[PDB]
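S.K.: Need coordinates for the below:
(12 chains, ligands or ions: 8)
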Amino acid sequence: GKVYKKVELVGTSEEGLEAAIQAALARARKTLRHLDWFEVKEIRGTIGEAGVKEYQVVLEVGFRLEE
Amino acid sequence: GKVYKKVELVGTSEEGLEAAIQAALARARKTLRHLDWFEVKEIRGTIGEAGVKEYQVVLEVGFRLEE
Amino acid sequence: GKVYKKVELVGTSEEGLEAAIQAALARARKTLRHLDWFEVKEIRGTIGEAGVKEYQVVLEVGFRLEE
Amino acid sequence: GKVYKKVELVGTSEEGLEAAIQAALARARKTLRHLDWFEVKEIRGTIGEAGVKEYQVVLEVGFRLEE
Amino acid sequence: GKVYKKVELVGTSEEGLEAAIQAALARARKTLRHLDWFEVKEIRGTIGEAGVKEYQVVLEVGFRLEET
Amino acid sequence: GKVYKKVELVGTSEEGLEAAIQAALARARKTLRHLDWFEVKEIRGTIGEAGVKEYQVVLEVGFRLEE
Amino acid sequence: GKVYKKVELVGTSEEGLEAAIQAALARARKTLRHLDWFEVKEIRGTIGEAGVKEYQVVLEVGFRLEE
Amino acid sequence: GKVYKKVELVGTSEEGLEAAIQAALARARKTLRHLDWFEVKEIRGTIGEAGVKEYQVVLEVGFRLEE
Amino acid sequence: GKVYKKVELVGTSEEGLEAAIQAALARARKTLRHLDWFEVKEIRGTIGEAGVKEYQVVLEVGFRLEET
Amino acid sequence: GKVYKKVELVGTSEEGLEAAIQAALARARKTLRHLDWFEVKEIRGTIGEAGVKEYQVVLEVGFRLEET
Amino acid sequence: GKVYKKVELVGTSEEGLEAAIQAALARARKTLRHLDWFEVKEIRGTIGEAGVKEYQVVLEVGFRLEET
Amino acid sequence: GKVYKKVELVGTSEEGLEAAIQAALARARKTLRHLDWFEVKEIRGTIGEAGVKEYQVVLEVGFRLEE
Ligand SMILES: [Cl-]
Ligand SMILES: [Cl-]
Ligand SMILES: [Cl-]
Ligand SMILES: [Cl-]
Ligand SMILES: [Cs+]
Ligand SMILES: [Cs+]
Ligand code: NA
Ligand code: NA
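M.R.: Residues are numbered from 1 along each chain as shown, chains lettered A, B, ... in the order given. Ligands and ions are numbered 1, 2, ... in the order given. Have a look at this structure:
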């Protein structure tokens, strides 16, 4: 029947976790069609003087393949 | 001595991670007694036109069993 | 060449996930030099009357070592 | 929002994998309401003189919690 | 054919691992029928002045589900 | 020497496991060249009134890249 | 008391998953005594013109040892 | 230089964990030479009327190979 | 709020698992303050003529850190 | 902010691990822009009469995605 | 159809990873027929005054079984 | 009896895998006594114009503690 594909992206953001997820999804929407779900694989980040510099959320994004 | 039980729930929310966790704890409180701790096992979600539609946090809820 | 070391900490907070992470980092800054990055290993917490009492994020902090 | 629960079952069958999955789902339908999805965790079995005696499929079954 | 169910329990004991395990099974027997096997998932515990205060063994208990 | 690439697909089918795998390979053949092997990563599915509604097999498909 | 041993085999077949498993078991019966149970570790395969050429199921076979 | 080999065994015993391990080692000593180390992979068991019927410890035994 | 640190130790013992664990905790209380819990990560060991020579239990010890 | 992408490649080489890795990156450079890091997932290979025929290193290559 | 068996070996070497691997395969071809592939499971080693004393690579060797 | 401790380090090097490991050991020898064994946990690295910029090997170093 239907077939899906999953790509692995790493969304980053200095705001927070949800923000990094959205950044990844925002860029994904630009070149992928029929985005359906995502799965967080990892949550890491860089440290700066104020603490968390950038939050990086590794995630898989699943989308339906046309035909 | 004491014995605990763990149930796996999946809390969802359109607002965020914490929210989805709280939603699962909220509903757990209604039928489970002596809730002690939780563990997040997965963080996934659905995608909509605006990006994240629903955040789904799969977690285990540990509670003490009565004798 | 360079060499890094990783330490495992557990930041806690009643505010949220990001907060618990910053708390760990904050305290790490006090005794460790050259903090570079962090990795989230686990996300767990305690349950109170109002739901989540305290969020506990187990994370590894990596930092550069002096030759 | 909505909250789901997952229970772990082990469906068995001498016919095959799909059969063992269905056996588990058949019994689940008897006492659980709003079954939505399943996830295969393990696939094992017992050996007899003709080879596979019983196929055992360990799976999690997710269902929506009412209210 | 047959269909089993697995619940996750955490047995505790100040004595030792084997005790923690039995503690969890003892309580399991009280409300579950047809217990068949168990699998240890984690072994952890609390620390006191004398060392290990309590041993906590997280395990899964498998049991046979009946007809209806 | 030679280099291969792996894509993650999710083949679905209402008939069975093999079927869902074939569905993913079928669609992969249409846009990928030199398909060599596959690996099943997860087996999950939806539930309907009759039990299993759709079998979903997540798998990785390996293929040789051209120079 | 009793003691078991586990060996890792890889059954193959062009028919299907169950077939590949029986093939491994069949051949195990020829040199091993007291086969008790098996565990599926991986499911993979090769790709041909018609889709799946050969299904390969990596499994562990456990059997009782003679004192 | 030296080359070792590892075999996976499952020691059983109604006494306890240490017992089950010893049982496996005892039987291993009978057909394997130069036993050096072991690694516990799993700990499970059966359940009887008095609780633990038998303790089963899955472990790998490593020994040096001759040449 | 509070912050904890975890260190990985390997307690050995010729007696048994619980012993190996206690060994590690004993040594741990000598240089670490506020020990709270432990998590067993691996269980391995050396083989001797009598079977198990020494039981080695890899565990993580978690303790609270002082702001100072 | 920035968003990266990861593709999984399998570099092969009769020379050694390091070579297999470079082989995969070399080919990666041909069609991917802004390569930043790689992570080794598996190390396997084929066996010949002389021993290792080919080393195969499965790895993930991370790269920065552009604006549009 | 065909059936393969996998054995776990640990190849050691003071030279390097690839060497350790070759060591294991060399010994393997002495008592096993039809070796086809290997999979590295772990990489560990012993420490000496000069750093790495011996590299130990745990790997699984897969070979085809003969019906007979 | 004896008690060991393990620290996680990340050796780096532009030369190779063995180099990166040695680097970490070298630096470990400077502040840790009785180094016995190491375990490789991860192998990653950065990418430059010539391919591998630097090899990074995450490993745990175990040493005996005194008393
Ligand atoms: Cl792609
Ligand atoms: Cl339940
Ligand atoms: Cl430390
Ligand atoms: Cl063997
Ligand atoms: Cs004991
Ligand atoms: Cs090398
Ligand atoms: Na958050
Ligand atoms: Na099937």
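
S.K.: wait, what's in contact with the residue in chain A that ligand 7 sits nearest to?
M.R.: Ligand 7 sits closest to residue A:17 of chain A, with a gap of 4.4 Å, by C-beta to the ion. All C-beta atoms are positioned from the backbone trio N, CA, C, and that covers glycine. Contacts for residue A:17 (C-beta atoms under 8 Å, 6 or more residues apart in numbering or on different chains) come out as A:43, A:55, A:57, B:17, C:17-18.

S.K.: Equivalent analysis for residue A:21, please.
M.R.: Residue A:21 touches A:11, A:38, A:40, A:57, A:59, B:45, B:51-52, counting by C-beta under 8 Å, 6+ apart.

S.K.: 10 Å - rerun?
M.R.: A:9, A:11, A:13, A:38, A:40, A:43, A:55, A:57, A:59, B:16-17, B:43, B:45, B:51-52, B:55 (C-beta atoms under 10 Å, 6 or more residues apart in numbering or on different chains).

S.K.: and it, backbone torsions?
M.R.: phi -60, psi -50 (degrees, to the nearest 10).

S.K.: So it versus residue A:40, what's the distance?
M.R.: 7 Å (C-beta to C-beta, to the nearest Å).

S.K.: circling back: between which two of the contacts of residue A:21 is the distance greatest?
M.R.: For the contacts of residue A:21, the maximum inter-member distance is 19.4 Å, found between A:9 and B:16 (C-beta to C-beta).

S.K.: neighbour count winner among these two?
M.R.: The neighbour count for residue A:9 versus residue B:16, taken as other C-beta atoms under 10 Å in any protein chain shown, is higher for residue A:9 (24 against 18).

S.K.: Residue A:39 is in contact with the more buried one, correct?
M.R.: No - at 11.1 Å, residue A:9 does not count as touching residue A:39 under the criterion of C-beta atoms under 10 Å.

S.K.: Need the residue closest to the centroid of chain A.
M.R.: In chain A, the centroid-proximal residue (C-alpha atoms, centre = their mean) is residue A:24; its distance is 3.7 Å.

S.K.: Run through the strands of chain A in chain order.
M.R.: A:3-13, A:35-48, A:51-64 (DSSP state E).

S.K.: Tell me which of those strands approaches residue L:29 most closely.
M.R.: The nearest among these, by C-beta to C-beta, is strand A:35-48 at 26.9 Å.

S.K.: Please say whether there is contact between that closest one and chain B.
M.R.: Yes - judged by C-beta under 10 Å from any C-beta of the partner chain, strand A:35-48 comes into contact with chain B at A:35-41, A:43.

S.K.: out of those residues, which are buried?
M.R.: Burial by neighbour count, 16 or more other C-beta atoms under 10 Å in any protein chain shown: within these this picks out A:35, A:37-41, A:43.

S.K.: Keep only those residues that also lie close to chain D.
M.R.: Okay, of these, nothing touches chain D (C-beta under 10 Å from any C-beta).

S.K.: Between those, which sits nearest chain K?
M.R.: Of all those, chain K sits closest to residue A:41, with 22.0 Å by C-beta to the nearest C-beta.

S.K.: Let me see the contact set for residue A:19.
M.R.: A:11-13, A:55, A:57, C:18, J:1.

S.K.: let me redo that: residue A:59
M.R.: A:6-11, A:20-21, A:24-25, A:28, A:38-43, B:43-45.

S.K.: Please apply the same query to residue A:42.
M.R.: A:10, A:56-59, C:39-41.

S.K.: Buried ones in stretch A:1-16, by neighbour count?
M.R.: For stretch A:1-16, by 16+ other C-beta under 10 Å, it's A:3-13, A:16.

S.K.: so does it get close to chain F?
M.R.: Yes - against chain F, stretch A:1-16 shows contacts by C-beta under 10 Å from any C-beta at A:1-8.

S.K.: Is that stretch in proximity to chain C?
M.R.: Yes - shown here: stretch A:1-16 in contact with chain C (C-beta under 10 Å from any C-beta) through A:15-16.

S.K.: Any part of that stretch near chain J?
M.R.: Yes - judged by C-beta under 10 Å from any C-beta, stretch A:1-16 comes into contact with chain J at A:7-15.

S.K.: got a list of what the residue in chain A that chain I sits nearest to touches?
M.R.: Using C-beta to the nearest C-beta, residue A:51 is the residue of chain A that sits closest to chain I, at 12.6 Å. Contacts for residue A:51 (C-beta under 10 Å, 6+ apart) come out as A:45, C:18, C:21-26, C:28-29, C:35, C:38.

S.K.: Among these, which one lies nearest to chain H?
M.R.: Of these, the one sitting nearest to chain H (C-beta to the nearest C-beta) turns out to be residue C:38, at 30.2 Å.

S.K.: can you pull the contacts of that closest one?
M.R.: A:43-47, A:51-52, A:55-56, C:6, C:9, C:11, C:21, C:24-25, C:28, C:57, C:59-63.

S.K.: same thing but at 8 Å, please
M.R.: Counted by C-beta under 8 Å, 6+ apart, residue C:38 has contacts A:44-45, A:47, A:52, C:21, C:24-25, C:59-62.

S.K.: ok, and the most crowded of those residues?
M.R.: residue C:24 (28 neighbours).

S.K.: got the contact list for that residue?
M.R.: C:9-11, C:38, C:57, C:59, C:61, I:3.

S.K.: Kindly state the beta-bridge partners for the nearest residue to it once chain neighbours are set aside.
M.R.: Ranked by C-beta to C-beta, 6 or more residues apart in numbering or on different chains and with sequence neighbours excluded, the top spatial neighbour of residue C:24 is residue C:11, at 2.8 Å. When assigned by DSSP bridges, residue C:11 has beta-bridge partners residue C:57, residue I:3.

S.K.: pretty sure residue C:11 contacts residue C:18?
M.R.: No - at 9.8 Å, residue C:11 does not count as touching residue C:18 under the criterion of C-beta atoms under 8 Å.

S.K.: before we move on, the earlier item: hmm, which two among the contacts of residue C:24 are most spread apart?
M.R.: Within the contacts of residue C:24, C:38 and I:3 form the most distant pair, 12.9 Å apart (C-beta to C-beta).
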